[PDB]
Amino acid sequence: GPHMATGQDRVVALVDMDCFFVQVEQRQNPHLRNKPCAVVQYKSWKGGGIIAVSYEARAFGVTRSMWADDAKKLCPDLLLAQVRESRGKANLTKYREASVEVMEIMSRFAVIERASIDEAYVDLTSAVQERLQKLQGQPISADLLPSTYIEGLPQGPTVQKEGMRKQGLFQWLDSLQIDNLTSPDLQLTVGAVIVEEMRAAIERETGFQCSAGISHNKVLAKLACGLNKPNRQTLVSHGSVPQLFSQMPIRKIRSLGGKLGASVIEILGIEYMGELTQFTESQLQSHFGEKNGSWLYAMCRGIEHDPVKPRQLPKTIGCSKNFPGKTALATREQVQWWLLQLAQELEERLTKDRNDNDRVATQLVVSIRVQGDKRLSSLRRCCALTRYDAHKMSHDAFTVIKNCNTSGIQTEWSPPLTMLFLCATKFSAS
DNA sequence: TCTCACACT
DNA sequence: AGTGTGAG
Ligand SMILES: Nc1ccn([C@H]2C[C@H](O)[C@@H](COP(=O)(O)NP(=O)(O)OP(=O)(O)O)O2)c(=O)n1
Ligand SMILES: [Mg+2]
Ligand SMILES: [Mg+2]
């Protein structure tokens, strides 16, 4: 009763850019706007691999991971933009710079956790408290929430999309207790007001549209965000959780999309997140471990405590390239040339990073994959990163891996290399 | 057929 | 440390 925590202590949002790399290319090239289009990497093999898809193209069935030649069979008028290539490899600079534009705007509203190139969590608890004081128990107008869905509503005793959205929003607002500044539902609603303002600022100042989720924790905010993408935001209240989870496949929850989620389904013989409530915490810890078990017990009730970490910048800066099939690297000079290419990109990124962000990397991680190996990495080794110098980095990288060459013949390399990866890690202030 | 964070040991 | 999972 009075002592059962409900996980309603924070207001957390997740903002995720819509078809992000496509919007970056559409802003640059107006001819791609409002068209079925996709962003591809590496044009020579089957037209390139698609990594992002506009919503117009998604209507034709175009998806990420399709070859463009194959996407063209579904959507013959599909337009394409190519990722820049530098030093023989895809170069993601344009998208990293565009990400910084967005993350800097979000940071004006609250400390953010950068979760990926195109999304960030926000802890809005303090901002909401501030705004509630300013509001002075005065009602929240639907006009302040023009792109907000309230998950689960309308419900109870119109056939158009926007009509339903308004109907649900009206039911929600009509039920709100605005004279109680500690009401979690009211706190979420003020959170949604702030997120409308944030999303409007991002669109005004960059041209990019995004979606967002507002709830009491990161997992629910992420789940919420995807419910009404694109260009809308979704509020998932604590009360909405039982119905929402009652038919929600386990794999849809962040961190349960892989082997762990598959094991939950298999071991327990369930399908939906809500079905987890029937197990004791000890039962869950017995199957999935102390940490996962406690997390699952709380999460299936809508409760999660993972903090929004104050981190706006990536913790590592890495450069990698695959050399699949018959392209695997088989000579010393080949391996040395490509390590050098990677090291040169890394140096460029590291130097820019040190000037912008007042920090230096101190460890260089080198990873390879040898042909035949079914693992994503064969060998991983680290060494000291003492100077931002590509020739030194590439020579050092070769040293920590040169004993992998099982060829007595010095010039040849065996087994051939199907992947090289260099990553700068362990940053210190500078 | 290119990235980045984090748990385990 | 090095290996692996999970995700954008
Ligand atoms: N496997 C992946 C997933 C994403 N990305 C890139 C391209 C995406 O535009 C960008 C953001 O990923 P995303 O949020 O999963 N999808 P995207 O923003 O394109 O579409 P939405 O579904 O969010 O509207 O990361 C990638 O290069 N490889
Ligand atoms: Mg996105
Ligand atoms: Mg995303």
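Relevant structure appears above.
What counts as what
Residues numbered from 1 in each chain as written, not as in the entry; some residues may be left out. Chains lettered and ligands numbered in written order. Heavy atoms only, no water. Residues with missing side-chain atoms left out of burial classes, pairs and counts. Near = heavy atom within 4 Å. Polar contact = N/O pair within 3.5 Å; in protein donor to acceptor, adjacent residues only side chain to side chain. Helix = DSSP H or I, 4+ residues; strand = E, 2+ residues; numbered from the N terminus. Nonpolar A, V, L, I, M, F, W, Y, C, P; charged D, E, K, R; others polar. Buried < 20%, exposed > 50% of the residue type's maximum accessible area, 1.4 Å probe, protein only. Pairing = 2+ DSSP bridges. Axes fitted to C-alpha atoms, helices over the stretch in contact; angles between N-to-C directions. Contact = heavy atoms within 4.5 Å. Parallel < 35°, antiparallel > 145°, perpendicular 65-115°, else oblique. Areas by Shrake-Rupley, 256 points an atom, 1.4 Å probe, with all protein chains shown as cover. Domains from an automatic or database assignment. Salt bridge = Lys/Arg side-chain N within 4 Å of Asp/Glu carboxyl O.

Draft legend 1. Geometry of the protein's contact with DNA strand C. As a structural note, the neighbourhood of DNA strand C is formed by 16 residues, with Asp-118, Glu-119, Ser-255, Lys-259 and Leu-260 the closest of them. In the model, a phosphate oxygen of DNA strand C is placed 3.4 Å from a nitrogen or oxygen of the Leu-256 main chain. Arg-380 places a main-chain nitrogen or oxygen 3.3 Å from a phosphate oxygen of DNA strand C. Looking at the surface near DNA strand C, the elements with two or more residues in it are α10 (259-268) and β15 (379-384). Counted by class, the surface near DNA strand C contains four nonpolar, four polar and eight charged residues.

Draft legend 2. Fine view of the environment of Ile-267. Among the structural elements, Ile-267 can be located in helix α10. Residue class for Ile-267 comes out partly exposed when judged on its relative accessible area of 44%.

Draft legend 3. Representation of the pairing of strand β16 (residues 412-429) in the model. Strand direction decides the pairing type here: strand β12 (residues 317-322) and β16, joined by six bridges, are antiparallel. When the sheet's bridge partners are listed, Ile-317 is paired in β16 with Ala-424. Two strands pair when backbone bridges link them, and strand β13 (residues 329-331) and β16 are joined in this way by two bridges, in the antiparallel orientation. The residue of β16 that forms the bridge with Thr-331 is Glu-412.

Draft legend 4. Spatial organisation of the sheet that holds strand β2 (residues 37-41). Spatial strand order, β3-β2-β4: three strands in an open sheet with mixed pairing. What marks the edges here is a single partner per strand, and that holds for β3 (49-53) and β4 (79-82). On average, each strand axis in the sheet is inclined to that of its neighbour by 35°, with strand direction left out of account. Strands β2, β3 and β4 of the sheet are contacted by helix α1 (residues 20-28), whose axis makes an angle of about 105° with β2.

Draft legend 5. Quick look at the packing of helix α5 (residues 125-135) against helix α7 (residues 184-206). Direction vectors running N to C along α5 and α7 enclose 100°, while the axes themselves pass 9 Å from each other. With respect to α7, the axis of α5 lies roughly perpendicular. Here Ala-127, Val-128, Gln-129, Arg-131 and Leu-132 of α5 lie close against α7, whose contacting residues are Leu-186, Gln-187, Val-190, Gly-191, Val-193, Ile-194 and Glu-197. Of the residues belonging to the contact of α5 with α7, the class tally is seven nonpolar, three polar and two charged.

Draft legend 6. The site of ligand 1, seen in detail. Taken together, 14 residues sit near ligand 1, with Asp-16, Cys-19, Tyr-55, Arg-58 and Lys-229 positioned nearest. One of the backbone nitrogen or oxygen atoms of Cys-19 is found 2.9 Å away from an oxygen atom of ligand 1. Protein burial of ligand 1: of its 550 Å² of free accessible surface, 68% is covered by the chains. For the shell around ligand 1, the secondary-structure elements that each account for two or more residues are β1 (12-17), α1, β3 and α2 (55-58). Its residues assigned to classes, the shell around ligand 1 shows eight nonpolar, no polar and six charged. Summarising the domain contributions, the shell around ligand 1 has at least three residues from each of domain 1 (1-18 + 89-249) and domain 2 (19-88).

Draft legend 7. Representation of the pattern of salt bridges in the model. Tallied over the full model, the rule gives 27 salt bridges. Note that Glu-119 and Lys-222 form a salt bridge whose closest N and O atoms lie 2.8 Å from each other. Residue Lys-222 is classed as partly exposed on the basis of its relative accessible area, which comes to 30%. For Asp-306, the salt bridge identified is with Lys-309, shortest N-O distance 2.7 Å. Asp-306 sits in the partly exposed class, given a relative accessible area of 26%. By relative accessible area, which is 32% here, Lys-309 ends up partly exposed. Linked by salt bridges that have partners in common, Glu-113, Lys-218, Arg-254, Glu-304, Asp-306, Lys-309 and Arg-311 make up one network.

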